[PDB]
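Read through the structure below, which is laid out as structure tokens, and then see the notes.
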Amino acid sequence: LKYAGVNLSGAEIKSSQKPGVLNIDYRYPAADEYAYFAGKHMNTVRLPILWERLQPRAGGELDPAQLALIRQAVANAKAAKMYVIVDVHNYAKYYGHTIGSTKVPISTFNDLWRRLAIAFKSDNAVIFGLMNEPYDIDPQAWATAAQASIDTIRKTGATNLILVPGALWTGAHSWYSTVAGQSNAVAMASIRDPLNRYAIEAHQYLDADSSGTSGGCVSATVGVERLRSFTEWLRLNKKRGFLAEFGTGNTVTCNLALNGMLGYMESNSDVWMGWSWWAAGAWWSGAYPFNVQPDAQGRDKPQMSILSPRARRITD
């Protein structure tokens with residue numbers, strides 16, 4: 001296990017506002033947000049960004065201001081000795097149209113990643129999160145699109161780590177679930193990387209339907225149980241995994257489940273390469289059960305007492 005960190009939510013929000021206005025509709029993290037999480041022994045920030053804010057026109061130039069904001073985030077992270085996953089937080093859609101449609105051909109997705117790959121070419125602090133939670137594109141069509149963007153990235157010469165999701169919201173628990181017979185288990189088995197530096201990105205929540213709608217957890221072992229088949233799939237297919245989103249509320253059962261799931265990943269580090277908690281960021285409401293942003297006094301949230309020592313075992 002190399003990477004342990006947190007999602008800093010803020011730049012992806014209020015997606016109806018295109019372009020939206022910085023510091024009103026959305027925000028990037030302050031420099032001291034990185035220092036806080038580094039002080040808690042995390043070495044990674046996953047940074048959700050909106051495709052349409054970064055690239056307002058298909059095949060067009062990256063927006064200068066949005067690109068500079070991401071460059072600042074990377075610089076801020078480096079100052080705290082952290083990595084940044086640039087997460088194109090788009091559900092495989094561009095202005096609401098799914099990649100592979102006539103409106104948004106694969107070429108449109110390729111062009112985004114060509115430009116991002118060039119902008120951050122082989123910068124070892126920067127990790128490429130291809131797409132957040134593809135879901136209304138079937139797994140085989142998604143794998144073809146993902147493969148095209150991987151190939152495009154490598155053709156730039158960029159040597160960065162790439163995180164490759166499946167479709168069906170890339171749930172670890174649903175890796176064998178089907179859309180007209182097609183599954184991530186089949187579709188993602190044939191993924192290749194010309195430079196062989198990637199991991200399969202999975203998400204996992206511990207509430208009733210794994211949607212992360214509720215702060216409660218089903219059981220003290222439900223995390224481990226929902227990672228198990230995905231873990232053996234990774235092992236059989238000679239692939240590595242990154243748990244790029246997971247979260248649990250502040251309950252006794254959730255605490256046992258969280259601890260167990262984090263321990264399980266370190267015990268299976270032949271395939272598990274990293275994780276990043278969902279979420280922190282300055283604009284989460286007080287009721288948000290997974291929020292690990294420190295409070296107005298700078299005090300740690302409850303779940304950090306588990307996340308921090310687990311991160312330390314990874315990063316120290």
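Following the order of the structure tokens, chains are lettered A, B, ..., residues in each are numbered from 1, and ligands are numbered from 1.
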
Q: Identify, with DSSP run on backbone atoms, the residues in stretch 138-224 of chain A assigned to strand (DSSP E or B), and express the list as a PyMOL selection string.
A: chain A and resi 162-165+171+179+182+198-205

Show me, as a Markdown table, the residues of stretch 289-309 of chain A having an atom within 9 Å of stretch 5-21 of chain A, each with the closest atom pair and its distance in Å, using only C-alpha atoms.
| residue | atom | partner | partner_atom | distance |
| --- | --- | --- | --- | --- |
| A:292 | CA | A:6 | CA | 8.7 |
| A:293 | CA | A:8 | CA | 8.9 |
| A:307 | CA | A:5 | CA | 8.7 |

Tell me, counting only C-alpha atoms, for each residue of stretch 205-285 of chain A within 12 Å of stretch 47-68 of chain A, which pair of atoms is nearest and how far apart they are in Å to one decimal, in rows ordered by chain and increasing number, as a Markdown table.
| residue | atom | partner | partner_atom | distance |
| --- | --- | --- | --- | --- |
| A:244 | CA | A:47 | CA | 10.6 |
| A:245 | CA | A:48 | CA | 11.2 |
| A:276 | CA | A:47 | CA | 10.4 |
| A:277 | CA | A:47 | CA | 11.5 |
| A:278 | CA | A:47 | CA | 10.8 |
| A:279 | CA | A:47 | CA | 10.3 |
| A:280 | CA | A:47 | CA | 10.5 |
| A:281 | CA | A:47 | CA | 10.0 |

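Proximity of A:118, A:218, A:141, A:252 to residue A:98, computed with only C-alpha atoms, is greatest for A:141.
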
Q: Rounded to one decimal place, report the atom CA of residue A:96-atom CA of residue A:189 distance in Å.
A: 28.0 Å

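Within the 8 Å cut-off around stretch 198-203 of chain A, using only C-alpha atoms and omitting residues fewer than 3 positions from it on the same chain, the listed residues are residues 161, 162, 163, 164, 165, 166, 169, 170, 171, 172, 193, 239, 240, 241, 242, 243, 244, 245, 246 and 273 of chain A.
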
Atoms kept (N, CA, C and O atoms) for selection, written as a PDB file, in the first residue's frame:
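Below you can see selection11.pdb, which holds the result:
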ATOM      1  N   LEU A 161       0.884   7.488 -13.059  1.00  0.00           N
ATOM      2  CA  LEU A 161      -0.054   6.467 -12.665  1.00  0.00           C
ATOM      3  C   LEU A 161      -1.447   6.852 -13.146  1.00  0.00           C
ATOM      4  O   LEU A 161      -1.859   8.015 -13.004  1.00  0.00           O
ATOM      5  N   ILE A 162      -2.155   5.867 -13.697  1.00  0.00           N
ATOM      6  CA  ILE A 162      -3.528   6.041 -14.141  1.00  0.00           C
ATOM      7  C   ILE A 162      -4.453   5.170 -13.292  1.00  0.00           C
ATOM      8  O   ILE A 162      -4.188   4.005 -13.096  1.00  0.00           O
ATOM      9  N   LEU A 163      -5.557   5.749 -12.813  1.00  0.00           N
ATOM     10  CA  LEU A 163      -6.604   5.006 -12.131  1.00  0.00           C
ATOM     11  C   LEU A 163      -7.776   4.803 -13.096  1.00  0.00           C
ATOM     12  O   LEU A 163      -8.343   5.779 -13.622  1.00  0.00           O
ATOM     13  N   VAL A 164      -8.118   3.533 -13.320  1.00  0.00           N
ATOM     14  CA  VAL A 164      -9.078   3.110 -14.356  1.00  0.00           C
ATOM     15  C   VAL A 164     -10.304   2.514 -13.667  1.00  0.00           C
ATOM     16  O   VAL A 164     -10.205   1.469 -13.019  1.00  0.00           O
ATOM     17  N   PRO A 165     -11.465   3.174 -13.772  1.00  0.00           N
ATOM     18  CA  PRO A 165     -12.667   2.629 -13.157  1.00  0.00           C
ATOM     19  C   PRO A 165     -13.373   1.645 -14.093  1.00  0.00           C
ATOM     20  O   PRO A 165     -13.135   1.662 -15.296  1.00  0.00           O
ATOM     21  N   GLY A 166     -14.237   0.802 -13.533  1.00  0.00           N
ATOM     22  CA  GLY A 166     -15.231   0.078 -14.320  1.00  0.00           C
ATOM     23  C   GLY A 166     -16.469   0.947 -14.474  1.00  0.00           C
ATOM     24  O   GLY A 166     -16.453   2.118 -14.089  1.00  0.00           O
ATOM     25  N   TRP A 169     -21.084   2.425 -11.634  1.00  0.00           N
ATOM     26  CA  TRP A 169     -20.573   3.210 -10.494  1.00  0.00           C
ATOM     27  C   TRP A 169     -19.319   2.629  -9.852  1.00  0.00           C
ATOM     28  O   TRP A 169     -18.987   2.958  -8.718  1.00  0.00           O
ATOM     29  N   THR A 170     -18.615   1.798 -10.621  1.00  0.00           N
ATOM     30  CA  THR A 170     -17.376   1.140 -10.234  1.00  0.00           C
ATOM     31  C   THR A 170     -17.343   0.603  -8.780  1.00  0.00           C
ATOM     32  O   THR A 170     -16.325   0.672  -8.092  1.00  0.00           O
ATOM     33  N   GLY A 171     -18.466   0.023  -8.351  1.00  0.00           N
ATOM     34  CA  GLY A 171     -18.575  -0.552  -7.011  1.00  0.00           C
ATOM     35  C   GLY A 171     -17.746  -1.822  -6.901  1.00  0.00           C
ATOM     36  O   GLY A 171     -17.845  -2.684  -7.769  1.00  0.00           O
ATOM     37  N   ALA A 172     -16.942  -1.951  -5.844  1.00  0.00           N
ATOM     38  CA  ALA A 172     -16.178  -3.194  -5.635  1.00  0.00           C
ATOM     39  C   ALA A 172     -17.134  -4.377  -5.483  1.00  0.00           C
ATOM     40  O   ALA A 172     -16.960  -5.401  -6.131  1.00  0.00           O
ATOM     41  N   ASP A 193      -2.233  -1.391 -20.472  1.00  0.00           N
ATOM     42  CA  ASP A 193      -1.565  -0.102 -20.384  1.00  0.00           C
ATOM     43  C   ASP A 193      -0.231  -0.258 -21.098  1.00  0.00           C
ATOM     44  O   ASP A 193       0.590  -1.052 -20.646  1.00  0.00           O
ATOM     45  N   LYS A 239      -3.860  -7.604 -11.525  1.00  0.00           N
ATOM     46  CA  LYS A 239      -4.114  -6.176 -11.486  1.00  0.00           C
ATOM     47  C   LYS A 239      -4.062  -5.665 -10.048  1.00  0.00           C
ATOM     48  O   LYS A 239      -4.063  -6.448  -9.089  1.00  0.00           O
ATOM     49  N   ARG A 240      -3.965  -4.345  -9.918  1.00  0.00           N
ATOM     50  CA  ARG A 240      -3.913  -3.688  -8.622  1.00  0.00           C
ATOM     51  C   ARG A 240      -5.159  -2.836  -8.479  1.00  0.00           C
ATOM     52  O   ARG A 240      -5.748  -2.444  -9.480  1.00  0.00           O
ATOM     53  N   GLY A 241      -5.527  -2.553  -7.235  1.00  0.00           N
ATOM     54  CA  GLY A 241      -6.746  -1.818  -6.897  1.00  0.00           C
ATOM     55  C   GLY A 241      -6.474  -0.539  -6.112  1.00  0.00           C
ATOM     56  O   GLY A 241      -5.533  -0.465  -5.304  1.00  0.00           O
ATOM     57  N   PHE A 242      -7.305   0.471  -6.358  1.00  0.00           N
ATOM     58  CA  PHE A 242      -7.300   1.726  -5.591  1.00  0.00           C
ATOM     59  C   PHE A 242      -8.734   1.992  -5.162  1.00  0.00           C
ATOM     60  O   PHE A 242      -9.614   2.160  -6.019  1.00  0.00           O
ATOM     61  N   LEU A 243      -8.966   2.040  -3.851  1.00  0.00           N
ATOM     62  CA  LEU A 243     -10.294   2.308  -3.319  1.00  0.00           C
ATOM     63  C   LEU A 243     -10.457   3.832  -3.208  1.00  0.00           C
ATOM     64  O   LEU A 243     -10.222   4.423  -2.161  1.00  0.00           O
ATOM     65  N   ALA A 244     -10.834   4.459  -4.320  1.00  0.00           N
ATOM     66  CA  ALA A 244     -10.780   5.920  -4.445  1.00  0.00           C
ATOM     67  C   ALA A 244     -11.909   6.651  -3.717  1.00  0.00           C
ATOM     68  O   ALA A 244     -11.813   7.860  -3.505  1.00  0.00           O
ATOM     69  N   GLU A 245     -12.985   5.936  -3.392  1.00  0.00           N
ATOM     70  CA  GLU A 245     -14.023   6.467  -2.513  1.00  0.00           C
ATOM     71  C   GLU A 245     -14.480   5.372  -1.580  1.00  0.00           C
ATOM     72  O   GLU A 245     -14.758   4.248  -2.018  1.00  0.00           O
ATOM     73  N   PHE A 246     -14.551   5.727  -0.299  1.00  0.00           N
ATOM     74  CA  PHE A 246     -15.229   4.936   0.727  1.00  0.00           C
ATOM     75  C   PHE A 246     -15.478   5.864   1.899  1.00  0.00           C
ATOM     76  O   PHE A 246     -14.770   6.865   2.067  1.00  0.00           O
ATOM     77  N   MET A 273      -3.262  -1.068  -3.678  1.00  0.00           N
ATOM     78  CA  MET A 273      -2.203  -0.069  -3.822  1.00  0.00           C
ATOM     79  C   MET A 273      -2.502   1.247  -3.084  1.00  0.00           C
ATOM     80  O   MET A 273      -1.594   2.000  -2.766  1.00  0.00           O
TER      81      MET A 273
END

Q: Write out as a ChimeraX atom specification each polymer residue whose atoms come within 10 Å of residue A:124, counting only C-alpha atoms; drop sequence neighbours fewer than 5 positions from it.
A: /A:83-84,158-161

Give the alpha helix (DSSP H) residues of stretch 110-303 of chain A, as assigned by DSSP on the backbone, as a CSV table (one decimal) with N, CA, C and O atoms, in the first residue's frame.
chain,number,residue,atom,x,y,z
A,110,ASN,N,-10.7,11.3,-25.4
A,110,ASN,CA,-9.3,11.2,-25.7
A,110,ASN,C,-8.6,12.6,-25.7
A,110,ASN,O,-7.5,12.7,-25.1
A,111,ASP,N,-9.3,13.6,-26.2
A,111,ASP,CA,-8.7,14.9,-26.3
A,111,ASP,C,-8.5,15.6,-25.0
A,111,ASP,O,-7.5,16.2,-24.7
A,112,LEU,N,-9.5,15.4,-24.1
A,112,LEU,CA,-9.3,15.9,-22.7
A,112,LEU,C,-8.0,15.3,-22.1
A,112,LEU,O,-7.2,16.0,-21.6
A,113,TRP,N,-7.9,14.0,-22.1
A,113,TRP,CA,-6.8,13.3,-21.5
A,113,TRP,C,-5.5,13.5,-22.2
A,113,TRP,O,-4.4,13.5,-21.5
A,114,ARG,N,-5.4,13.7,-23.5
A,114,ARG,CA,-4.2,14.1,-24.2
A,114,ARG,C,-3.7,15.4,-23.6
A,114,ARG,O,-2.5,15.6,-23.2
A,115,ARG,N,-4.6,16.4,-23.5
A,115,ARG,CA,-4.3,17.7,-23.0
A,115,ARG,C,-3.9,17.7,-21.5
A,115,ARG,O,-2.9,18.4,-21.1
A,116,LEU,N,-4.6,17.0,-20.7
A,116,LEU,CA,-4.2,16.8,-19.2
A,116,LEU,C,-2.9,16.1,-19.1
A,116,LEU,O,-2.0,16.5,-18.3
A,117,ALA,N,-2.7,15.1,-19.9
A,117,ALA,CA,-1.4,14.3,-19.8
A,117,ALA,C,-0.2,15.2,-20.2
A,117,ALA,O,0.8,15.2,-19.5
A,118,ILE,N,-0.4,16.1,-21.2
A,118,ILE,CA,0.6,17.0,-21.6
A,118,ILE,C,0.9,18.0,-20.5
A,118,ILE,O,2.1,18.3,-20.2
A,119,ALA,N,-0.1,18.6,-19.9
A,119,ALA,CA,0.0,19.6,-18.9
A,119,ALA,C,0.7,19.1,-17.6
A,119,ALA,O,1.5,19.9,-17.0
A,139,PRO,N,-20.5,-1.9,-19.3
A,139,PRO,CA,-19.1,-2.1,-19.0
A,139,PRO,C,-18.2,-2.4,-20.2
A,139,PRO,O,-17.0,-1.9,-20.2
A,140,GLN,N,-18.6,-3.1,-21.2
A,140,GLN,CA,-17.8,-3.3,-22.4
A,140,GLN,C,-17.5,-2.1,-23.2
A,140,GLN,O,-16.4,-1.8,-23.7
A,141,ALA,N,-18.5,-1.2,-23.4
A,141,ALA,CA,-18.4,0.0,-24.1
A,141,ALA,C,-17.5,1.0,-23.3
A,141,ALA,O,-16.7,1.7,-23.9
A,142,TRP,N,-17.7,1.0,-22.0
A,142,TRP,CA,-16.8,1.8,-21.1
A,142,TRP,C,-15.3,1.3,-21.2
A,142,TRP,O,-14.5,2.2,-21.4
A,143,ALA,N,-15.1,0.0,-21.1
A,143,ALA,CA,-13.7,-0.5,-21.2
A,143,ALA,C,-13.0,0.0,-22.5
A,143,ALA,O,-11.9,0.3,-22.5
A,144,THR,N,-13.8,0.0,-23.6
A,144,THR,CA,-13.2,0.5,-24.9
A,144,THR,C,-12.8,1.9,-24.9
A,144,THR,O,-11.8,2.3,-25.3
A,145,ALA,N,-13.7,2.8,-24.3
A,145,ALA,CA,-13.4,4.2,-24.1
A,145,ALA,C,-12.2,4.4,-23.2
A,145,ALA,O,-11.3,5.2,-23.5
A,146,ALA,N,-12.2,3.7,-22.0
A,146,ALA,CA,-11.1,3.8,-21.1
A,146,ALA,C,-9.8,3.4,-21.7
A,146,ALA,O,-8.8,4.1,-21.6
A,147,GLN,N,-9.8,2.3,-22.5
A,147,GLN,CA,-8.6,1.9,-23.2
A,147,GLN,C,-8.1,2.9,-24.2
A,147,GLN,O,-6.9,3.1,-24.3
A,148,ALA,N,-9.0,3.6,-24.9
A,148,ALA,CA,-8.6,4.6,-25.8
A,148,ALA,C,-8.0,5.8,-25.1
A,148,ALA,O,-6.9,6.3,-25.6
A,149,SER,N,-8.5,6.2,-24.0
A,149,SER,CA,-7.9,7.3,-23.2
A,149,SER,C,-6.5,6.9,-22.6
A,149,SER,O,-5.6,7.7,-22.6
A,150,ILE,N,-6.4,5.7,-22.2
A,150,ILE,CA,-5.1,5.1,-21.7
A,150,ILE,C,-4.1,5.2,-22.8
A,150,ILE,O,-3.0,5.7,-22.6
A,151,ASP,N,-4.4,4.7,-23.9
A,151,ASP,CA,-3.5,4.7,-25.1
A,151,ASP,C,-3.1,6.1,-25.5
A,151,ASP,O,-1.9,6.4,-25.8
A,152,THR,N,-4.1,7.0,-25.5
A,152,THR,CA,-3.8,8.5,-25.8
A,152,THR,C,-2.9,9.1,-24.8
A,152,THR,O,-1.9,9.8,-25.2
A,153,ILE,N,-3.1,8.8,-23.5
A,153,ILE,CA,-2.2,9.3,-22.5
A,153,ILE,C,-0.8,8.8,-22.7
A,153,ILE,O,0.2,9.6,-22.7
A,154,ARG,N,-0.6,7.5,-23.0
A,154,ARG,CA,0.7,7.0,-23.2
A,154,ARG,C,1.4,7.5,-24.4
A,154,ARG,O,2.6,7.6,-24.5
A,155,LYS,N,0.6,7.8,-25.5
A,155,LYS,CA,1.2,8.3,-26.7
A,155,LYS,C,1.8,9.7,-26.5
A,155,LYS,O,2.7,10.1,-27.2
A,184,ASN,N,-18.1,-5.6,-15.3
A,184,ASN,CA,-16.8,-5.2,-15.1
A,184,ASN,C,-15.8,-6.3,-15.0
A,184,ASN,O,-14.7,-6.2,-15.6
A,185,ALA,N,-16.2,-7.4,-14.4
A,185,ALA,CA,-15.3,-8.6,-14.3
A,185,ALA,C,-14.8,-9.1,-15.6
A,185,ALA,O,-13.7,-9.6,-15.7
A,186,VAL,N,-15.6,-9.0,-16.7
A,186,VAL,CA,-15.3,-9.4,-18.0
A,186,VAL,C,-14.6,-8.3,-18.7
A,186,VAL,O,-13.4,-8.4,-19.2
A,187,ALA,N,-15.3,-7.1,-18.8
A,187,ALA,CA,-14.8,-6.0,-19.6
A,187,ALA,C,-13.5,-5.4,-19.2
A,187,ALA,O,-12.6,-5.1,-20.0
A,222,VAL,N,-18.9,-5.9,7.1
A,222,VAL,CA,-19.5,-5.7,5.8
A,222,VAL,C,-18.5,-5.1,4.7
A,222,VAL,O,-18.6,-5.3,3.5
A,223,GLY,N,-17.5,-4.3,5.2
A,223,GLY,CA,-16.5,-3.7,4.3
A,223,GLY,C,-15.6,-4.8,3.7
A,223,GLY,O,-15.5,-4.9,2.5
A,224,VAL,N,-15.1,-5.6,4.6
A,224,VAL,CA,-14.2,-6.7,4.2
A,224,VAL,C,-15.0,-7.7,3.2
A,224,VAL,O,-14.5,-8.0,2.2
A,225,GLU,N,-16.2,-8.0,3.6
A,225,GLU,CA,-17.1,-8.9,2.8
A,225,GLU,C,-17.4,-8.3,1.4
A,225,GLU,O,-17.4,-9.1,0.4
A,226,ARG,N,-17.6,-7.0,1.3
A,226,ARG,CA,-17.9,-6.3,0.0
A,226,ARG,C,-16.6,-6.1,-0.8
A,226,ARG,O,-16.8,-5.7,-2.0
A,227,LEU,N,-15.4,-6.2,-0.2
A,227,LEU,CA,-14.2,-6.1,-1.0
A,227,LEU,C,-13.6,-7.5,-1.4
A,227,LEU,O,-12.8,-7.6,-2.3
A,228,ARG,N,-14.1,-8.6,-0.8
A,228,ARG,CA,-13.5,-9.9,-1.0
A,228,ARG,C,-13.4,-10.4,-2.4
A,228,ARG,O,-12.3,-10.8,-2.9
A,229,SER,N,-14.5,-10.5,-3.1
A,229,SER,CA,-14.5,-11.0,-4.5
A,229,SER,C,-13.7,-10.1,-5.4
A,229,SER,O,-13.0,-10.6,-6.3
A,230,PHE,N,-13.9,-8.8,-5.3
A,230,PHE,CA,-13.1,-7.9,-6.1
A,230,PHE,C,-11.6,-8.1,-5.9
A,230,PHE,O,-10.8,-8.1,-6.9
A,231,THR,N,-11.2,-8.3,-4.6
A,231,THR,CA,-9.8,-8.6,-4.3
A,231,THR,C,-9.2,-9.8,-5.0
A,231,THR,O,-8.1,-9.8,-5.6
A,232,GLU,N,-9.9,-10.9,-4.9
A,232,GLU,CA,-9.5,-12.2,-5.6
A,232,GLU,C,-9.5,-12.0,-7.2
A,232,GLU,O,-8.7,-12.6,-7.9
A,233,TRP,N,-10.5,-11.2,-7.7
A,233,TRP,CA,-10.5,-10.9,-9.1
A,233,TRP,C,-9.2,-10.2,-9.5
A,233,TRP,O,-8.6,-10.5,-10.5
A,234,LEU,N,-8.8,-9.2,-8.7
A,234,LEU,CA,-7.6,-8.4,-9.0
A,234,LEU,C,-6.4,-9.4,-9.0
A,234,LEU,O,-5.5,-9.3,-9.9
A,235,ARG,N,-6.3,-10.3,-8.1
A,235,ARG,CA,-5.3,-11.3,-8.0
A,235,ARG,C,-5.2,-12.2,-9.2
A,235,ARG,O,-4.1,-12.4,-9.8
A,236,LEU,N,-6.4,-12.8,-9.6
A,236,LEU,CA,-6.4,-13.7,-10.7
A,236,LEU,C,-6.0,-13.0,-12.0
A,236,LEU,O,-5.3,-13.5,-12.8
A,252,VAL,N,-20.5,2.8,16.4
A,252,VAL,CA,-19.6,1.7,16.9
A,252,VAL,C,-19.4,0.7,15.8
A,252,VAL,O,-18.3,0.2,15.6
A,253,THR,N,-20.5,0.3,15.2
A,253,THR,CA,-20.4,-0.8,14.1
A,253,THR,C,-19.6,-0.3,12.9
A,253,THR,O,-18.7,-1.0,12.4
A,254,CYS,N,-19.8,0.9,12.5
A,254,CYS,CA,-19.0,1.5,11.4
A,254,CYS,C,-17.5,1.6,11.7
A,254,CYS,O,-16.7,1.3,10.9
A,255,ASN,N,-17.2,1.9,13.0
A,255,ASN,CA,-15.8,1.9,13.4
A,255,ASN,C,-15.1,0.6,13.3
A,255,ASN,O,-14.0,0.5,12.8
A,256,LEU,N,-15.8,-0.5,13.7
A,256,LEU,CA,-15.3,-1.8,13.5
A,256,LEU,C,-15.1,-2.2,12.1
A,256,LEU,O,-14.1,-2.7,11.7
A,257,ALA,N,-16.1,-1.9,11.3
A,257,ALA,CA,-16.1,-2.1,9.8
A,257,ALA,C,-15.0,-1.4,9.1
A,257,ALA,O,-14.3,-2.0,8.3
A,258,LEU,N,-14.8,-0.1,9.4
A,258,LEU,CA,-13.8,0.7,8.8
A,258,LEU,C,-12.4,0.2,9.2
A,258,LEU,O,-11.6,-0.1,8.2
A,259,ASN,N,-12.1,-0.1,10.4
A,259,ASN,CA,-10.9,-0.7,10.9
A,259,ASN,C,-10.5,-2.0,10.2
A,259,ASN,O,-9.4,-2.2,9.7
A,260,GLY,N,-11.5,-2.8,10.1
A,260,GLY,CA,-11.4,-4.1,9.4
A,260,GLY,C,-11.1,-4.0,8.0
A,260,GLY,O,-10.2,-4.7,7.4
A,261,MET,N,-11.8,-3.1,7.3
A,261,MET,CA,-11.6,-2.9,5.8
A,261,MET,C,-10.2,-2.4,5.5
A,261,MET,O,-9.6,-2.8,4.6
A,262,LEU,N,-9.8,-1.4,6.3
A,262,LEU,CA,-8.4,-0.8,6.2
A,262,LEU,C,-7.3,-1.9,6.5
A,262,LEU,O,-6.3,-2.0,5.8
A,263,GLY,N,-7.5,-2.7,7.5
A,263,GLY,CA,-6.6,-3.8,7.8
A,263,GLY,C,-6.6,-4.8,6.7
A,263,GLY,O,-5.5,-5.4,6.4
A,264,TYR,N,-7.8,-5.1,6.2
A,264,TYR,CA,-7.9,-6.1,5.1
A,264,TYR,C,-7.1,-5.7,3.9
A,264,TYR,O,-6.3,-6.5,3.3
A,265,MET,N,-7.1,-4.4,3.5
A,265,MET,CA,-6.4,-3.9,2.4
A,265,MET,C,-4.8,-4.0,2.6
A,265,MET,O,-4.1,-4.4,1.8
A,266,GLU,N,-4.4,-3.7,3.9
A,266,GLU,CA,-2.9,-3.9,4.2
A,266,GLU,C,-2.5,-5.3,4.2
A,266,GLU,O,-1.4,-5.7,3.7
A,267,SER,N,-3.4,-6.2,4.6
A,267,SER,CA,-3.1,-7.7,4.5
A,267,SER,C,-3.2,-8.2,3.1
A,267,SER,O,-2.7,-9.4,2.9

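Minimum atom-to-atom distances from A:192, A:40, A:2, A:312 to residue A:275 were compared using only C-alpha atoms, and the lowest value belongs to A:2.
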